[PDB]
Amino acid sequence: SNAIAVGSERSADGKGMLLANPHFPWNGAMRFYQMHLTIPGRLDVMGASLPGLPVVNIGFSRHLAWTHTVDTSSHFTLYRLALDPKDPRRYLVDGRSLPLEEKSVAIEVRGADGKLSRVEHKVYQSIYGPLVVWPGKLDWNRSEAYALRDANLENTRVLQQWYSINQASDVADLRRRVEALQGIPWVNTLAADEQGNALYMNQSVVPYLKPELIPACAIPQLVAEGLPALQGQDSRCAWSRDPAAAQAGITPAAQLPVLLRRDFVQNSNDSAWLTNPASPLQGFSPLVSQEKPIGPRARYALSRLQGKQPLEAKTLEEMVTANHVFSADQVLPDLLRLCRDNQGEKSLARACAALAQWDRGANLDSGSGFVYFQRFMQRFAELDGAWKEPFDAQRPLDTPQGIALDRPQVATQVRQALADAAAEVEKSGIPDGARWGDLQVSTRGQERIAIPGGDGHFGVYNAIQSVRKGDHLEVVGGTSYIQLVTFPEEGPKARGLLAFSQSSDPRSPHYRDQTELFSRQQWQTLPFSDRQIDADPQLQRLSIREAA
């Protein structure tokens, strides 16, 4: 997910502006759906929502626009259990042996013959929650097991929270409503209002441990590997209570990152840290936000956002529709130098030619260089110390960069990686002359619609994730609901698309219409006022009722 909010100090019109670019599945229980909700006099909000939810999840109203991005905060903890040496179904807390709880679930299974059979399965639970096993990493042996406590299992406030957001007037109001309820499960919130405020909130439901508990309660080797793992044999490692928190055991709103500014804030799924580099957010719990190197999408955004020049709506739009593969900025110049140093290496000829011709984009018309580059990057990413300039915490926006071609060992390994990638690409059945749009598609009935964009890990802001299906790459997720909002005098102006179209049903008139527009990167007005709605030549109306 990407999000950018721009305030009065940087917007061309001196008001607020918001780009919403969540990256979500193109099918299933998280498929976005556009809708506009009005209870006259007290609710009027438009945007998109997830299946089954009677609220708008990402959207805008008369003076406000808001969106979300998946955050880096932990929303659960693992507990390492010390098992009773006499009994692997018992575990020790404060030296006392407690029994696991067993709860059977019964499931009906349809067989070959079409008859139903009953399956009964035991789910073991500890005082923390259910036990979980990752074979080879988180086992359940005679010494230890792992339980999982999910902070959102007790979050009964989640629907209320977006009901409340849907009623928010401006950025200040939105912030109050979110901090009050703390019902947001696992996303950041970014917003802008007409008055020119830009807001970032890492305000979600996060397990709370008082600072003095963390060094003692962590499992050092597991947390070093990215897992929020705690000592489950010590009752003091229970999530801490703070009466200010909306839910027992979660982090109070005052200790979660918030940045209110009038220039900009951005997020592309890194931590709160460099939301705006001019005002770094640090000093939070490791469960909440850490100072880690940012990914290429955020680095790309910051490269466009920093400076003194005004930001226009078209500027934010084109950050998405440019399809620029920002990772190429870091490695392609030096890679091309390597290519030029190895003319005569026949095996590298086609790859180097393709990489040199390439527009460094993931456009429909982008050449095979993108495919060569992806396969190379995959291998580059597993090399050790190949960066010319390694990540530097004092230069986190400009590092890492370049290839260390002046180190013979690096030069040899990088050439091998290119050699390997070249053969792989040429081993594939992909015809010479094929462009990216020939390969990456979304199927609609009998047609395959070419889809621009590429994987977020290569620094493409317009992130698109695909899987191989026969002769093509089938889109499974990525850029989904797009919303770009500004606040001219007449009312909010909102522009965008639902990339995969409103209806998942092939019979619908709205099964592929926005997908064709997405292919051509032609965003559209999102009509909000009664006058905009009535100006629509295809306007349809139905009133329905029934007794309660």
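Start at 1 with the first residue shown and count on from there. Throughout, rigid core stands for the largest set of C-alpha atoms superposing within 1.5 Å between the two forms.
Quiz item: With the rigid core as the fit anchor, does 120-128 or 440-448 show bigger C-alpha shifts in 9 other deposited structures of this protein?
Solution: Per-stretch check in 9 other deposited structures of this protein: the more divergent one is 440-448.
Exercise. Determine, for 361-369 and 426-434, which one has C-alphas that on average lie farther from this form in 9 other deposited structures of this protein; superpose on the rigid core first.
Key: Farther on average in 9 other deposited structures of this protein: 426-434.
Quiz prompt | 522-530 set against 21-29, stretch whose average Cα temperature factor tops the other in the entry | solution = Looking at the recorded C-alpha B-factors, 522-530 comes out higher on average.
Self-check item: Of 513-521 and 52-60, the stretch whose C-alpha atoms average the higher B-factor in the entry
Solution: If you average the C-alpha B-factors of 513-521 and of 52-60, the larger mean comes out for 513-521.
Quiz item: If you check the C-alpha B-factor for each of 88, 226, 95, 207 in the entry, which is highest?
Solution: Highest C-alpha B-factor among the listed residues goes to 226.
Quiz item: Among 177, 379, 137, 299, where is the Cα temperature factor highest, going by the PDB entry?
Solution: The C-alpha B-factor peaks, among 177, 379, 137, 299, at 379.
Quiz item: residue 488's Cα B-factor: lowest, middle or highest third of the chain?
Solution: Ranked within chain, residue 488 CA B lands in the highest tercile.
Quiz prompt | Entry-reported Cα temperature factor of residue 323, expressed as the chain third it lands in | solution = Middle third.
Quiz prompt | Ranked C-alpha temperature factor of residue 262 among modelled chain residues, by third | solution = For residue 262, whose C-alpha B-factor we compare with every modelled residue in the chain, the answer is the highest third.
Quiz item: Of the three thirds of its chain by CA temperature factor, lowest, middle or highest, which one includes residue 304?
Solution: It belongs to the middle third of the chain when residues are ordered by C-alpha B-factor.
Quiz prompt | Where the record places residue 6 (Cα B-factor, split into thirds across the chain) | solution = For residue 6, the deposited C-alpha B-factor lands in the middle third.
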